[PDB]
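Text of final_26.cif (mmCIF, C-alpha atoms) as supplied:
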```
data_entry
#
loop_
_atom_site.group_PDB
_atom_site.id
_atom_site.type_symbol
_atom_site.label_atom_id
_atom_site.label_comp_id
_atom_site.auth_asym_id
_atom_site.auth_seq_id
_atom_site.Cartn_x
_atom_site.Cartn_y
_atom_site.Cartn_z
ATOM 1 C CA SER A 1 -8.493 3.497 8.315
ATOM 2 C CA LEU A 2 -7.244 3.978 4.811
ATOM 3 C CA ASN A 3 -5.750 1.192 2.825
ATOM 4 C CA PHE A 4 -3.975 1.966 -0.439
ATOM 5 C CA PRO B 1 15.008 -9.938 4.969
ATOM 6 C CA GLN B 2 15.528 -7.104 2.472
ATOM 7 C CA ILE B 3 12.840 -7.030 -0.229
ATOM 8 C CA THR B 4 13.220 -5.020 -3.424
ATOM 9 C CA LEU B 5 10.219 -3.554 -5.160
ATOM 10 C CA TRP B 6 10.737 -4.717 -8.742
ATOM 11 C CA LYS B 7 8.027 -7.287 -8.216
ATOM 12 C CA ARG B 8 4.984 -6.866 -5.891
ATOM 13 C CA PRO B 9 6.165 -7.671 -2.318
ATOM 14 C CA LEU B 10 4.053 -10.834 -1.840
ATOM 15 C CA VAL B 11 4.791 -12.977 1.198
ATOM 16 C CA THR B 12 3.389 -16.271 2.599
ATOM 17 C CA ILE B 13 1.563 -15.757 5.822
ATOM 18 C CA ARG B 14 0.071 -18.421 8.125
ATOM 19 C CA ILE B 15 -3.258 -17.528 9.698
ATOM 20 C CA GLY B 16 -5.819 -19.863 11.317
ATOM 21 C CA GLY B 17 -3.642 -22.779 10.317
ATOM 22 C CA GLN B 18 -3.910 -21.720 6.677
ATOM 23 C CA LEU B 19 -1.056 -20.491 4.491
ATOM 24 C CA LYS B 20 -1.943 -17.580 2.156
ATOM 25 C CA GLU B 21 -0.023 -15.049 0.085
ATOM 26 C CA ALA B 22 -0.321 -11.379 1.027
ATOM 27 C CA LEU B 23 1.124 -8.077 -0.096
ATOM 28 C CA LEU B 24 3.522 -6.190 2.230
ATOM 29 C CA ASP B 25 1.856 -2.802 1.927
ATOM 30 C CA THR B 26 3.203 0.290 3.630
ATOM 31 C CA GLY B 27 0.249 2.245 2.192
ATOM 32 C CA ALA B 28 -2.334 0.420 4.280
ATOM 33 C CA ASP B 29 -3.193 1.238 7.819
ATOM 34 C CA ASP B 30 -4.706 -2.210 8.389
ATOM 35 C CA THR B 31 -4.298 -5.816 7.407
ATOM 36 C CA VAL B 32 -7.231 -6.898 5.227
ATOM 37 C CA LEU B 33 -7.696 -10.369 4.049
ATOM 38 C CA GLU B 34 -10.096 -11.972 1.563
ATOM 39 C CA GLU B 35 -13.210 -13.435 2.980
ATOM 40 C CA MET B 36 -12.226 -16.429 5.068
ATOM 41 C CA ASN B 37 -13.755 -18.019 8.168
ATOM 42 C CA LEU B 38 -11.729 -17.089 11.215
ATOM 43 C CA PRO B 39 -12.428 -17.964 14.848
ATOM 44 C CA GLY B 40 -13.592 -15.279 17.220
ATOM 45 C CA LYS B 41 -16.266 -12.832 17.672
ATOM 46 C CA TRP B 42 -15.857 -10.131 14.995
ATOM 47 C CA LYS B 43 -17.322 -6.593 14.889
ATOM 48 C CA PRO B 44 -18.312 -4.925 11.535
ATOM 49 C CA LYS B 45 -16.002 -2.033 10.620
ATOM 50 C CA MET B 46 -15.866 0.206 7.521
ATOM 51 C CA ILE B 47 -12.551 0.973 5.824
ATOM 52 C CA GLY B 48 -11.548 3.011 2.701
ATOM 53 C CA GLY B 49 -9.228 2.296 -0.146
ATOM 54 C CA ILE B 50 -8.573 3.913 -3.506
ATOM 55 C CA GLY B 51 -12.051 3.104 -4.831
ATOM 56 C CA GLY B 52 -14.144 4.040 -1.745
ATOM 57 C CA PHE B 53 -15.308 2.455 1.497
ATOM 58 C CA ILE B 54 -16.217 -1.192 2.153
ATOM 59 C CA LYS B 55 -17.539 -3.026 5.223
ATOM 60 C CA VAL B 56 -15.300 -5.658 6.762
ATOM 61 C CA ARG B 57 -15.382 -8.048 9.732
ATOM 62 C CA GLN B 58 -12.817 -7.056 12.338
ATOM 63 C CA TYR B 59 -11.121 -9.875 14.263
ATOM 64 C CA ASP B 60 -8.844 -8.829 17.180
ATOM 65 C CA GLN B 61 -5.812 -10.372 18.662
ATOM 66 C CA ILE B 62 -5.282 -12.843 15.792
ATOM 67 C CA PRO B 63 -1.877 -14.514 15.496
ATOM 68 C CA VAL B 64 -0.360 -14.199 12.009
ATOM 69 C CA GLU B 65 3.075 -15.489 10.998
ATOM 70 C CA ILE B 66 4.583 -13.352 8.201
ATOM 71 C CA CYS B 67 7.706 -14.897 6.704
ATOM 72 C CA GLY B 68 8.314 -16.669 10.004
ATOM 73 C CA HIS B 69 7.955 -13.466 12.146
ATOM 74 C CA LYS B 70 5.066 -13.635 14.591
ATOM 75 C CA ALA B 71 2.548 -10.845 14.947
ATOM 76 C CA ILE B 72 -0.677 -10.767 17.020
ATOM 77 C CA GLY B 73 -3.085 -8.068 15.966
ATOM 78 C CA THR B 74 -6.292 -6.999 14.335
ATOM 79 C CA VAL B 75 -7.143 -8.619 10.988
ATOM 80 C CA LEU B 76 -9.988 -7.231 8.824
ATOM 81 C CA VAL B 77 -11.746 -9.683 6.477
ATOM 82 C CA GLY B 78 -13.764 -8.517 3.565
ATOM 83 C CA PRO B 79 -13.892 -7.924 -0.188
ATOM 84 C CA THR B 80 -10.371 -6.776 -0.921
ATOM 85 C CA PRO B 81 -8.889 -7.667 -4.363
ATOM 86 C CA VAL B 82 -5.688 -8.898 -2.593
ATOM 87 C CA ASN B 83 -4.647 -9.901 1.007
ATOM 88 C CA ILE B 84 -2.634 -6.947 2.334
ATOM 89 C CA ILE B 85 -0.465 -6.836 5.478
ATOM 90 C CA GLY B 86 -0.711 -3.239 6.627
ATOM 91 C CA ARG B 87 1.225 -1.127 8.993
ATOM 92 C CA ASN B 88 -0.481 -2.477 12.170
ATOM 93 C CA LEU B 89 1.408 -5.818 11.632
ATOM 94 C CA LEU B 90 4.462 -4.567 9.712
ATOM 95 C CA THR B 91 5.484 -2.568 12.804
ATOM 96 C CA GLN B 92 5.224 -5.684 15.011
ATOM 97 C CA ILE B 93 7.714 -7.577 12.781
ATOM 98 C CA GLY B 94 10.034 -4.550 12.744
ATOM 99 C CA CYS B 95 9.689 -3.761 9.081
ATOM 100 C CA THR B 96 11.141 -0.454 7.754
ATOM 101 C CA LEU B 97 11.340 1.362 4.420
ATOM 102 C CA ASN B 98 14.897 2.195 3.413
ATOM 103 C CA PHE B 99 16.508 4.124 0.520
ATOM 104 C CA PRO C 1 16.776 7.174 5.247
ATOM 105 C CA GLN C 2 15.044 4.482 7.228
ATOM 106 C CA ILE C 3 11.317 5.116 7.725
ATOM 107 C CA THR C 4 9.482 3.255 10.472
ATOM 108 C CA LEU C 5 5.783 2.572 9.948
ATOM 109 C CA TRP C 6 4.256 3.765 13.239
ATOM 110 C CA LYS C 7 2.677 6.474 11.184
ATOM 111 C CA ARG C 8 1.850 6.679 7.481
ATOM 112 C CA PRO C 9 5.159 7.004 5.542
ATOM 113 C CA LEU C 10 4.555 10.566 4.177
ATOM 114 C CA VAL C 11 7.422 12.153 2.306
ATOM 115 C CA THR C 12 7.964 15.417 0.291
ATOM 116 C CA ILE C 13 8.021 15.086 -3.486
ATOM 117 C CA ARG C 14 8.491 17.657 -6.301
ATOM 118 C CA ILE C 15 6.543 17.146 -9.509
ATOM 119 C CA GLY C 16 6.033 19.744 -12.233
ATOM 120 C CA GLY C 17 7.650 22.437 -10.025
ATOM 121 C CA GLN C 18 5.250 21.813 -7.069
ATOM 122 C CA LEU C 19 6.192 20.299 -3.662
ATOM 123 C CA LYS C 20 3.663 17.709 -2.437
ATOM 124 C CA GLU C 21 3.334 15.207 0.493
ATOM 125 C CA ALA C 22 3.018 11.678 -0.771
ATOM 126 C CA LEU C 23 2.646 8.244 0.734
ATOM 127 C CA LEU C 24 5.357 5.667 -0.011
ATOM 128 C CA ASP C 25 3.235 2.753 -0.880
ATOM 129 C CA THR C 26 4.757 -0.665 -1.530
ATOM 130 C CA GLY C 27 1.300 -1.966 -2.246
ATOM 131 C CA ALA C 28 0.759 0.413 -5.226
ATOM 132 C CA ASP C 29 2.200 -0.714 -8.574
ATOM 133 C CA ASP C 30 2.008 2.715 -10.077
ATOM 134 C CA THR C 31 2.105 6.252 -8.706
ATOM 135 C CA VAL C 32 -1.191 8.136 -8.520
ATOM 136 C CA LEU C 33 -1.289 11.734 -7.736
ATOM 137 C CA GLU C 34 -4.152 13.998 -6.782
ATOM 138 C CA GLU C 35 -5.804 15.977 -9.499
ATOM 139 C CA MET C 36 -3.266 18.351 -11.050
ATOM 140 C CA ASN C 37 -2.995 20.076 -14.319
ATOM 141 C CA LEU C 38 0.062 18.731 -15.888
ATOM 142 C CA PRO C 39 1.211 19.348 -19.478
ATOM 143 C CA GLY C 40 1.617 16.405 -21.705
ATOM 144 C CA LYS C 41 -0.277 13.892 -23.696
ATOM 145 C CA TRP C 42 -2.293 11.504 -21.461
ATOM 146 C CA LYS C 43 -4.237 8.254 -21.863
ATOM 147 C CA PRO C 44 -7.467 7.167 -19.989
ATOM 148 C CA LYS C 45 -6.944 4.422 -17.412
ATOM 149 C CA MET C 46 -8.997 2.726 -14.653
ATOM 150 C CA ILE C 47 -7.102 1.540 -11.541
ATOM 151 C CA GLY C 48 -8.819 -0.404 -8.744
ATOM 152 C CA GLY C 49 -8.228 -1.707 -5.233
ATOM 153 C CA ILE C 50 -10.328 -1.563 -2.079
ATOM 154 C CA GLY C 51 -13.698 -0.016 -2.721
ATOM 155 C CA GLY C 52 -13.603 -0.359 -6.561
ATOM 156 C CA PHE C 53 -12.076 1.613 -9.365
ATOM 157 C CA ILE C 54 -11.262 5.201 -10.162
ATOM 158 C CA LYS C 55 -10.661 6.627 -13.586
ATOM 159 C CA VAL C 56 -7.255 8.332 -13.908
ATOM 160 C CA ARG C 57 -5.172 10.080 -16.667
ATOM 161 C CA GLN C 58 -1.918 8.391 -17.362
ATOM 162 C CA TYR C 59 1.117 10.667 -18.084
ATOM 163 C CA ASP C 60 4.420 9.059 -19.000
ATOM 164 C CA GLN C 61 8.049 10.188 -18.487
ATOM 165 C CA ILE C 62 7.201 12.646 -15.725
ATOM 166 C CA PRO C 63 10.244 13.523 -13.496
ATOM 167 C CA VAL C 64 9.689 13.444 -9.759
ATOM 168 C CA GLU C 65 12.165 14.025 -6.922
ATOM 169 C CA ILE C 66 11.248 11.985 -3.842
ATOM 170 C CA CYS C 67 13.283 13.136 -0.871
ATOM 171 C CA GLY C 68 15.792 14.757 -3.203
ATOM 172 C CA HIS C 69 16.200 11.451 -5.098
ATOM 173 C CA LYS C 70 15.418 11.803 -8.761
ATOM 174 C CA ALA C 71 13.154 9.396 -10.592
ATOM 175 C CA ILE C 72 11.094 9.605 -13.790
ATOM 176 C CA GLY C 73 8.207 7.455 -14.944
ATOM 177 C CA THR C 74 4.406 7.079 -15.339
ATOM 178 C CA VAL C 75 2.180 9.142 -13.052
ATOM 179 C CA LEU C 76 -1.580 8.553 -12.914
ATOM 180 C CA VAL C 77 -3.568 11.659 -11.984
ATOM 181 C CA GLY C 78 -7.075 11.128 -10.616
ATOM 182 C CA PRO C 79 -9.375 11.914 -7.657
ATOM 183 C CA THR C 80 -7.306 10.038 -4.946
ATOM 184 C CA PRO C 81 -7.287 11.496 -1.338
ATOM 185 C CA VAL C 82 -3.578 10.898 -1.031
ATOM 186 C CA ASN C 83 -0.650 11.181 -3.473
ATOM 187 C CA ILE C 84 0.708 7.676 -3.677
ATOM 188 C CA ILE C 85 4.239 6.872 -4.626
ATOM 189 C CA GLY C 86 4.112 3.373 -5.973
ATOM 190 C CA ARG C 87 6.647 0.770 -6.905
ATOM 191 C CA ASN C 88 7.330 2.183 -10.421
ATOM 192 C CA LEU C 89 9.179 5.122 -8.684
ATOM 193 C CA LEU C 90 10.274 3.485 -5.399
ATOM 194 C CA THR C 91 12.413 1.008 -7.389
ATOM 195 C CA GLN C 92 14.175 4.014 -9.004
ATOM 196 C CA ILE C 93 15.178 5.595 -5.685
ATOM 197 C CA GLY C 94 16.407 2.206 -4.488
ATOM 198 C CA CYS C 95 13.752 1.847 -1.844
ATOM 199 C CA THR C 96 13.611 -1.505 -0.060
ATOM 200 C CA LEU C 97 11.477 -3.159 2.668
ATOM 201 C CA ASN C 98 13.502 -4.694 5.482
ATOM 202 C CA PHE C 99 12.770 -6.815 8.629
#
```

Serialized structure, structure tokens:
Amino acid sequence: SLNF
Amino acid sequence: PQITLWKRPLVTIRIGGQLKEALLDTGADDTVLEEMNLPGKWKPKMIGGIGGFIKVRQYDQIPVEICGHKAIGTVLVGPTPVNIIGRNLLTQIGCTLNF
Amino acid sequence: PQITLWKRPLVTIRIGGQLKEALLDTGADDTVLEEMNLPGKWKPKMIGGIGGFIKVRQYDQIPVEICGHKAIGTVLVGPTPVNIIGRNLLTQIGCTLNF
């Protein structure tokens, strides 16, 4: 759940 | 449509009857929107970004219209600097990266 | 190529003679690479997004090959979990978003  | 990356890929989305501008972001797993009131029961969730982890409200099965293409999926609401449409909704509208 | 977004769009890049896996990120303005000890003059920068800000070193005119496509531009090096290929290099390899 990584949001770059 | 075909969108070039000379400017940030910002798009108008319609969510909860509201129009908003959001970033088409292939680097995001999820769609995370600025704090807004949305209908539904939401669960807290924690997500990470470049600066660390934040807590968000997770709303499921939300309808979102992105440039006229309909998506129904999870929307996270919390303290993001910008509304981002992530890969969970970009796949529903058939978006691909090409070069 | 055409990359679908069911999974994170990870691609091979070569920078400073090293091969690395990097995320094609249309949300990122600038490229930010994991800590690496590059030659060159650098300048201190802070970049932010979800979770806050991280301090990075800005190097300019760094050549990068992304899927055998050559590009050259600013690279930020800092404590990111993922190498991120941002718009400053994606525009140079002619990368586009389509739906």

Item to check | Reference answer for the PyMOL selection byres ((chain C and resi 1) around 6), as a ChimeraX atom specification | outcome: /B:98-99 /C:2

Checklist entry - Residues at most 8 Å from region 70-83 of chain C, counting only C-alpha atoms, excluding those fewer than 4 positions away in the same chain, as a PyMOL selection string? => result (chain B and resi 50) or (chain C and resi 20-23+30-36+54-66+88-89+92-93)

Per residue of chain C within 6 Å of chain B, record the nearest atom pair and its distance in Å to one decimal, counting only C-alpha atoms, with rows in chain order and ascending residue number, as JSON lines.
```
{"residue": "C:1", "atom": "CA", "partner": "B:98", "partner_atom": "CA", "distance": 5.6}
{"residue": "C:2", "atom": "CA", "partner": "B:98", "partner_atom": "CA", "distance": 4.5}
{"residue": "C:3", "atom": "CA", "partner": "B:97", "partner_atom": "CA", "distance": 5.0}
{"residue": "C:4", "atom": "CA", "partner": "B:96", "partner_atom": "CA", "distance": 4.9}
{"residue": "C:5", "atom": "CA", "partner": "B:91", "partner_atom": "CA", "distance": 5.9}
{"residue": "C:25", "atom": "CA", "partner": "B:27", "partner_atom": "CA", "distance": 4.3}
{"residue": "C:26", "atom": "CA", "partner": "B:25", "partner_atom": "CA", "distance": 5.0}
{"residue": "C:27", "atom": "CA", "partner": "B:25", "partner_atom": "CA", "distance": 4.3}
{"residue": "C:49", "atom": "CA", "partner": "B:50", "partner_atom": "CA", "distance": 5.9}
{"residue": "C:50", "atom": "CA", "partner": "B:49", "partner_atom": "CA", "distance": 4.5}
{"residue": "C:51", "atom": "CA", "partner": "B:51", "partner_atom": "CA", "distance": 4.1}
{"residue": "C:52", "atom": "CA", "partner": "B:51", "partner_atom": "CA", "distance": 4.2}
{"residue": "C:53", "atom": "CA", "partner": "B:51", "partner_atom": "CA", "distance": 4.8}
{"residue": "C:54", "atom": "CA", "partner": "B:51", "partner_atom": "CA", "distance": 5.8}
{"residue": "C:87", "atom": "CA", "partner": "B:5", "partner_atom": "CA", "distance": 5.9}
{"residue": "C:91", "atom": "CA", "partner": "B:5", "partner_atom": "CA", "distance": 5.5}
{"residue": "C:94", "atom": "CA", "partner": "B:99", "partner_atom": "CA", "distance": 5.4}
{"residue": "C:95", "atom": "CA", "partner": "B:99", "partner_atom": "CA", "distance": 4.3}
{"residue": "C:96", "atom": "CA", "partner": "B:4", "partner_atom": "CA", "distance": 4.9}
{"residue": "C:97", "atom": "CA", "partner": "B:97", "partner_atom": "CA", "distance": 4.9}
{"residue": "C:98", "atom": "CA", "partner": "B:2", "partner_atom": "CA", "distance": 4.4}
{"residue": "C:99", "atom": "CA", "partner": "B:95", "partner_atom": "CA", "distance": 4.4}
```

Kindly save the residues from that selection, with C-alpha atoms included, as a tab-separated table (two decimals), in the frame of the given file.
```
chain	number	residue	atom	x	y	z
C	1	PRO	CA	16.78	7.17	5.25
C	2	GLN	CA	15.04	4.48	7.23
C	3	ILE	CA	11.32	5.12	7.72
C	4	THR	CA	9.48	3.26	10.47
C	5	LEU	CA	5.78	2.57	9.95
C	25	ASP	CA	3.24	2.75	-0.88
C	26	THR	CA	4.76	-0.66	-1.53
C	27	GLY	CA	1.30	-1.97	-2.25
C	49	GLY	CA	-8.23	-1.71	-5.23
C	50	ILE	CA	-10.33	-1.56	-2.08
C	51	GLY	CA	-13.70	-0.02	-2.72
C	52	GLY	CA	-13.60	-0.36	-6.56
C	53	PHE	CA	-12.08	1.61	-9.36
C	54	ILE	CA	-11.26	5.20	-10.16
C	87	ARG	CA	6.65	0.77	-6.90
C	91	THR	CA	12.41	1.01	-7.39
C	94	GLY	CA	16.41	2.21	-4.49
C	95	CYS	CA	13.75	1.85	-1.84
C	96	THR	CA	13.61	-1.50	-0.06
C	97	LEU	CA	11.48	-3.16	2.67
C	98	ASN	CA	13.50	-4.69	5.48
C	99	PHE	CA	12.77	-6.82	8.63
```

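Reported to one decimal place, the separation of CA of residue 37 (chain B) from CA of residue 16 (chain B) is 8.7 Å.
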
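CA of residue 45 (chain B) is positioned 9.6 Å from CA of residue 1 (chain A).
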
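Going from CA of residue 17 (chain B) to CA of residue 2 (chain A) covers 27.6 Å.
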